[PDB]
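Colleague: Following this message is one structure expressed as structure tokens.
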Amino acid sequence: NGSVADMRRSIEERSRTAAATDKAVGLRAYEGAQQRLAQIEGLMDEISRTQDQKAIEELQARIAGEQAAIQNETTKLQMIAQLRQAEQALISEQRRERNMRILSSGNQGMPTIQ
Amino acid sequence: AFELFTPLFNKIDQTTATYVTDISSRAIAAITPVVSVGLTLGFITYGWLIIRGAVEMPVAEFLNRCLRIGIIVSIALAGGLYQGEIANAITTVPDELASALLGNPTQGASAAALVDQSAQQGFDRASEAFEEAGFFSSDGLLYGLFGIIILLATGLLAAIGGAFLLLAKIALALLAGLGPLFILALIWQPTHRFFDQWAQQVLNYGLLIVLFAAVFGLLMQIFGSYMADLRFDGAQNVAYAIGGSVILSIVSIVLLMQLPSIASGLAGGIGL
Amino acid sequence: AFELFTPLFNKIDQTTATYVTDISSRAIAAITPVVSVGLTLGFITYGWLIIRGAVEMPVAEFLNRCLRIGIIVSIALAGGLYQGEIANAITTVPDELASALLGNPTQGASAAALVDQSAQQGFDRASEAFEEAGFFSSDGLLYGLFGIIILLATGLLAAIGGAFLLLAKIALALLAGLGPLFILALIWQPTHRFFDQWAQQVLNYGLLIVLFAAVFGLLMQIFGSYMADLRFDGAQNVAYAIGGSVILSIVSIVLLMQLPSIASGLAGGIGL
Amino acid sequence: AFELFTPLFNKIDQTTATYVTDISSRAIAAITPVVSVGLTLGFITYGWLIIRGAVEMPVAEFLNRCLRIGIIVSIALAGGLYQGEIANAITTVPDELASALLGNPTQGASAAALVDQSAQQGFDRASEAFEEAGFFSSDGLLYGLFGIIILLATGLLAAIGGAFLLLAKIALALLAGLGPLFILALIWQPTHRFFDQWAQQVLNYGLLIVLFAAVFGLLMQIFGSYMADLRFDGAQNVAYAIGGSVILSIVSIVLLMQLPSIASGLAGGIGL
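Chains as they are written, first to last, in the authors' numbering: chain B, 116 to 229; chain F, 2 to 273; chain J, 2 to 273; chain G, 2 to 273.
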């Protein structure tokens, strides 16, 4: 909506912000992944000191839950990638809408000689 | 809608009216009373002096020569009716271009109107081509080239025809404005050639305006109809349509090119 | 199929028939009986007066002058059979262009027909180029440019030739319509120059039409054959083919541009 | 801003001054005293010789011939005021092109200024088209073609008009510089034709500069206003706008092309 110049500024802002958002999400997620590795290493430090059978069975189920959490993060990353692709497609659609609006054959105006 | 020749023609008409027709009307109106009285008093004085002085033949020489001068001056000062003649030229172009050779009658239409309508059909086809180019993001500049070709053909045909019409109108306006100075040239034998030349140019540009209005109206109407039938559907061959467009454009263009030479040649052929 | 010059020629021929030929025929038909009886009665009256008081040379000068006036008026009024002369021009174009210089026998067609066939071959090659451009979404606009160049070459050549044919036909129609007035110019010694000029223009445009019929038919048939052998396969060099197309187009165009000066020069060279 | 015709005109003016006008000024200044004294002493000498020994008509022929020679030499030596006439031409262009036919109040601009402003409007529209082409990475070269068309139309109109203005100015500068040699040509009967031809060419290029100033100013202002209204918003048809641009351009180019022939024809029509 609005003038074609506003459409142009909105589209350029969306493109730049989308690229920056992709980068920032990747960076923060990688930091989280490194902390996840530290946590896994900690769980294996506990495995060395386990004494009874109940303790090691609880630790096995804890590590299984940890694996489930990493699985969930994998699914979330897949979902983020799909959303990234959808956002790029939407930006392209907006570009083409602006292009169609400029070149539409339904336009009736032209400069006036005065 | 597409309106380019109507505003341009109105603008040029206003410039010719304010600067070539009104100024001539202002000058003739200012001198008409004073020159009238002066000529009458000169007639009386010269008659008395020649009957009491230098030899003259009153019955034939004086009356006949005075009649010649009087008729020439009357015609020359009747050019002060410039508005009638400029509007006569303004009416001439559309009346002939509308139905002289078209065969299609309308309640009211000017030459600029018909050129604008035909050019609107052509430019609408070009706009549709541009829209198709917009649809295909890549693999779409072919439609852009099609639109450019259509635009150039329609524009160049319309521009040539309208510009020669403008030349005819401007020239006729300037000649009508400068008329009285050249009708006055009949008074003296050495200056008769000036009237002959002015008359020849008037005939030249009148023949020009008739030929352009008639032939240009016919050709531009044909081109407009052809472009109005042009469609980028799946049933019409694009190459055939664009080729027909360019062929019609170029045919009309060169036919119109021959016409100025024809007008000048007929004007020269008539003795004058 | 590609049909552009046939409808255009038919439209222009209908226009000229309705506006020049039919009006001239109707005007001659309206005056023929009345002028005939008036010319006869005037001859009788002048004969009686010259034998009864006026200055006369009874048998030599009266018979000679009467015969001159009668023969000249008979030819001019006979120009009233305009429909024959218009059909003669419209058939002079195809008979010459069909087989006079082509050599290869053509069963039967018109000038517009052959121009249409050759232009169809060119435009079909352009359409194939556009199709190839459509196949390669990107890296395909090169084929679009190829199609544009083919389309422009074909269109320029066909338009140039057909437009000069149209000019010749229109001019011949107008001259045939205005014929009787200039045949009457023979009667008056001061007005003999009008007949001389009319005859010179008639000869000019007749030579014009002969030259374009012949040469244009030959050149357009050559171009049509060349384009009909063009293919975007893997065995033909695209550059060679497009270059041959543009070379043939430009060669034909410049030759055809030299022809009008030749026609006018020949008409001037014959005294008339 | 767009400033091209102002620097070019100033460059050509400096060149034409420093060579054509300054050489003629200094050469006339160097010979003026010598020729003055020589003519005076020669007049005294020939007077003494004719009154003592030579064939003479004392009071009528000798005094009249001396007067003719003196007036012609004085006029030819008045060419030593070259800067006056060069400034006269360089100011005749702007005064006429400014408000003679435009009808708009003028701050005191020049012809180059108005051409620059209108061409700036056109080139700004082309630059906006290029910007839009930059926005659409692919599917944007259509806007590049639009910009190329706008740029070519504006540039070619401005170039034709400005180049004929330049031709008129250069020709007038050369003629003014060589003026004295042709004003001295009235002294002897055989060399009279040289002055006649020089005067005819002066009239030719003066009429050229008048016509181009007026008409080019009007047309270029109209084109500038039209292009200043052009916008690539969603409300104007791109095809309509570009077509109007090309039509205005071509209409102006051909009208201007008719002008040199008109100027030369008028100069020839005046006897001289």
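Where a beta carbon is used, it is the ideal one built from N, C-alpha and C, also for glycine.
Mind listing the chain F neighbours of B:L205? Cutoff is C-beta to C-beta under 9 Å, in chain order.
Modeller: Residues of chain F passing the Cβ test: none, with the nearest at roughly 15 Å.
Colleague: State yes or no: is the beta carbon of B:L218 nearer than 7 Å to at least one beta carbon in chain G?
Modeller: yes
Colleague: Less than 7 Å between CB atoms is the rule here; does F:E133 satisfy it with respect to chain B?
Modeller: no
Colleague: Following the continuous alpha helix (DSSP H) through G:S262, name the residue where it begins and the one where it ends.
Modeller: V239 to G270
Colleague: Would you say the beta carbon of B:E156 is closer than 6 Å to some non-hydrogen atom of the ligand MN?
Modeller: The model depicted lacks the ligand MN and carries no ligand whatsoever.
Colleague: Quick check on the burial criterion: 16 or more other C-beta atoms within 10 angstroms. Buried or exposed for B:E173?
Modeller: exposed
Colleague: With burial defined as no fewer than 16 other Cβ atoms inside 10 Å of the residue's Cβ, what is the status of G:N238: buried or exposed?
Modeller: buried
Colleague: For chain F, is any of its Cβ atoms less than 7 Å away from the one on B:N116?
Modeller: no
Colleague: Could you tell me whether the Cβ atoms of G:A127 and G:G148 are closer together than 7 Å?
Modeller: yes
Colleague: Classify J:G109 as helix, strand or coil using the three-state DSSP reduction.
Modeller: Three-state result, J:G109: coil.
Colleague: In chain G, what lies closer than 8 Å to F:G109 by C-beta?
Modeller: In chain order: nothing, as chain G lies at least about 23 Å away.
Colleague: In chain B, which residues lie with their C-beta within 7 Å of the C-beta of F:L146?
Modeller: Those within 7 Å of F:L146 in chain B number zero; the least Cβ separation is about 15 Å.
Colleague: Mapping the DSSP letters down to three states, classify B:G224 as helix, strand or coil.
Modeller: strand
Colleague: According to DSSP, simplified to helix, strand and coil, what is J:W49?
Modeller: helix
Colleague: When the cut-off is 7 Å and only beta carbons count, does F:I223 lie next to chain G?
Modeller: F:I223 does not count as touching chain G.
Colleague: Looking at G:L168 and G:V21, is the spacing between their C-beta atoms short of 7 Å?
Modeller: no
Colleague: For the alpha helix (DSSP H) that contains B:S130, what are its first and last residues?
Modeller: Per DSSP, the continuous alpha helix (DSSP H) segment holding B:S130 begins and ends at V119 to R164.
Colleague: Do G:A264 and G:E97 come within 7 Å of each other at the CB atom, strictly closer than that value?
Modeller: no
Colleague: Check each candidate in F:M228, F:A177 and F:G235 and name the one with the smallest Cα separation from F:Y83.
Modeller: F:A177
Colleague: In whole angstroms, what is the alpha-carbon distance linking F:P8 and G:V94?
Modeller: 28 Å
Colleague: With distances taken Cα to Cα, identify the nearest neighbour of G:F63 among G:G48, G:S75, G:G109 and G:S246.
Modeller: G:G48
Colleague: Any Cβ of chain G within less than 7 Å of the Cβ of B:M225?
Modeller: yes
Colleague: Does the CB of B:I126 have a neighbour CB from chain F at under 7 Å?
Modeller: Output row for B:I126: interface = no.
Colleague: Would you kindly work out how many angstroms separate the C-alpha atoms of G:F124 and G:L153, rounded to a whole number?
Modeller: 9 Å
Colleague: With a Cβ-Cβ cutoff of 7 Å, do residue 244 of chain B and G:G245 count as a contact?
Modeller: With chain B covering 116 to 229 only, the question about residue 244 of chain B has no answer from this structure.
Colleague: So what's residue 301 of chain F in DSSP terms, helix, strand or just coil?
Modeller: Residue 301 of chain F is absent from the structure shown; chain F starts at 2 and stops at 273.
Colleague: May I ask you to list, following chain order, the residues of the segment 226-253 of chain G that have a beta carbon less than 7 Å from some beta carbon of chain F?
Modeller: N238, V239, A240, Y241, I243, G244, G245, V247, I248, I251 and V252
Colleague: Under 8 Å by Cβ, that's how I've got G:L231 and G:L273 pegged, so tell me the actual separation to the nearest angstrom.
Modeller: Wrong, their Cβ atoms sit about 47 Å apart, outside the cutoff.
Colleague: From this set, F:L5, F:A186 and F:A229, which residue's C-alpha is nearest F:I151's C-alpha?
Modeller: F:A229
Colleague: Just list the alpha helix (DSSP H) runs in the segment 101-177 of chain J, keeping only unbroken ones of 4 residues or longer that don't cross its boundaries, in chain order.
Modeller: 112-136
Colleague: Is there a Cβ of chain G sitting closer than 7 Å to that of F:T16, yes or no?
Modeller: Cβ-Cβ to chain G under 7 Å: yes for F:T16.
Colleague: Please state the DSSP three-state secondary structure of J:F233.
Modeller: coil
Colleague: Quick one: Cα of J:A268 to Cα of J:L208, how far?
Modeller: 8 Å
Colleague: Okay, do the segment 17-33 of chain G and the segment 67-86 of chain G touch, 3+ Cβ pairs below 8 Å being the bar?
Modeller: yes
Colleague: Can F:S253 and F:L158 be called in contact, C-beta distance under 7 Å?
Modeller: Against a cut-off of 7 Å, the Cβ pair of F:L158 and F:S253 comes out as a contact.
Colleague: Helix, strand or coil for F:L187 per DSSP?
Modeller: If DSSP states are grouped into helix, strand and coil, F:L187 belongs with the helices.
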